[PDB]
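Right, one structure below, let's go through it.
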Amino acid sequence: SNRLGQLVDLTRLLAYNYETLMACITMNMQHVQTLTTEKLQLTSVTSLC
Amino acid sequence: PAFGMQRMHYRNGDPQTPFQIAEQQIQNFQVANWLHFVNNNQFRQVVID
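So the protein sequences, as listed, match chains S and B. If you read the first sequence in UniProt numbering, its first letter stands for residue 544, the second for the next number, and so on. If you read the second sequence in UniProt numbering, its first letter stands for residue 445, the second for the next number, and so on.
If you want it as structure tokens, here you go:
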């Protein structure tokens with residue numbers, strides 16, 4: 544709750560950088576699950592948040 | 445947090461300082477009159493002697 548405004552700003556910043564880099568893509572980008580994944584420890588979220 | 449509200453959603457360059465916006469959101473005569481005085485406290489320019 545005390546980090547609310549920063550969370551809003553973070554969300555907007557991720558969305559902006561994401562679409563900005565999406566702009567620089569040539570091969571169509573499909574939504575399909577994969578064999579191997581990428582780990583994401585939630586402590587790396589809590590830190591970011 | 446005392447009157448049980450959201451934290452705030454305050455803009456950097458908001459044309460109102462936080463006491464001005466908070467003067468009207470709350471409902472309590474004492475605190476609101478205090479904030480009124482604070483927002484409208486300013487010097488009196490008077491030419492003497």
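In this text, a Cβ means the ideal position worked out from N, Cα and C, and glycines have one as well.
DSSP three-state label for residue i, please.
i      : result
B:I470 : coil
S:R546 : coil
S:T579 : coil
B:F481 : helix
S:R555 : helix
S:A566 : coil
B:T461 : coil
S:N560 : helix
S:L585 : coil
How would you list, in chain order, the residues of chain B whose beta-carbon sits under 9 Å from the beta-carbon of residue i?
i      : result
S:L553 : Within chain B, no residue comes near S:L553; the closest Cβ sits about 15 Å away, beyond 9 Å.
Determine the chain S residues that contact residue i at a beta-carbon separation under 7 Å, and present them in chain order.
i      : result
B:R451 : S544, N545, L547
State the CB to CB distance for the pair residue i and residue j, rounded to an integer number of angstroms; the pair is presumed to be in contact (CB under 8 Å).
i      : j      : result
S:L550 : S:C592 : 6 Å
B:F447 : B:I470 : 6 Å
S:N545 : B:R451 : 7 Å
B:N483 : B:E467 : 6 Å
Quick check: the segment 550-559 of chain S against the segment 456-474 of chain B, are there 3 or more CB pairs under 8 Å?
-> no
Counting Cβ pairs, one atom from each stretch, are 3 or more of them under 8 Å apart for the segment 476-489 of chain B and the segment 567-574 of chain S?
-> no
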